[PDB]
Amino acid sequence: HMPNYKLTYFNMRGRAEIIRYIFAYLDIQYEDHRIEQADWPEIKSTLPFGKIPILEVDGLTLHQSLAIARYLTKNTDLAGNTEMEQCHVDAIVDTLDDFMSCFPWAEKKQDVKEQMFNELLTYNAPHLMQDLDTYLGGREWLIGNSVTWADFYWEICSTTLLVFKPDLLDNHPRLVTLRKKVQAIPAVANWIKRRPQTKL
């Protein structure tokens, strides 16, 4: 049975975006609940682990953005065709998440924030882009012969990095091509044109 899905997150792409891409690709109806800082204290206090996004499935609350994303892609063409391919997909996803999680997003000190950010973007990001390009190895998609949610996450994470470092992929045309390929998937393209425009 098709459940009632309610996604709760801040008004931004951020960590909720991978879930939104999956819902769009699979044409799944859901409530895109974007809260305001004002209502967060209250909502926060009722969550088992106090972090968002969370996805309520028929009232049962699920947490952890990638755990949710994997759950929604189970038994779909986005998971990876084989058990091994699923491992490769899960691996690329965590490699991207690991990096994104290195940034101190809370930081209020514009300068010292822009220093931890500056180091990561200037000194570490290019190394990761190289390894991702090497991994793709001239192939059309990151894993196997068709799109997986690892490709969705690559496009999502790179879009965020590009906001702060526009020259991120100047030495990786093949990574730019993969981004465009993901962005061209009809359901994804439709979501990209319609989603609320936010900075992150």
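One-based numbering along the sequence shown. Rigid core (definition): largest C-alpha set, two forms, superposition within 1.5 Å.
Core fit done; bigger CA RMS in 7 other deposited structures of this protein for 114-122 or for 68-76?
The more displaced stretch in 7 other deposited structures of this protein turns out to be 114-122.
Select between 184-192 and 14-22 the stretch whose C-alpha atoms have the higher average B-factor in the entry.
In the deposited entry, the stretch with the higher C-alpha B-factor mean is 184-192.
Per the entry, where is the mean C-alpha temperature factor higher: 88-96 or 122-130?
Between 122-130 and 88-96, it is 122-130 that shows the higher mean C-alpha B-factor.
According to the PDB entry, is the CA B factor of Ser65 in the bottom, middle or top third of its chain, that is, lowest, middle or highest?
Its C-alpha B-factor belongs to the lowest third of this chain's values.
Would you check the entry's CA temperature factor for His172 and let me know if it's in the chain's lowest, middle or highest third?
For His172, the deposited C-alpha B-factor lands in the middle third.
Give the position of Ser158 by CA B-factor within its chain, expressed as the lowest, middle or highest third.
For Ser158, whose C-alpha B-factor we compare with every modelled residue in the chain, the answer is the lowest third.
Divide the modelled residues of the chain into thirds by Cα B-factor and specify which third, lowest, middle or highest, holds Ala150.
Lowest third of the chain for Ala150's C-alpha B-factor.
Lowest, middle or highest third: where is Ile143 by C-alpha B factor in its chain?
Middle third by C-alpha B-factor.
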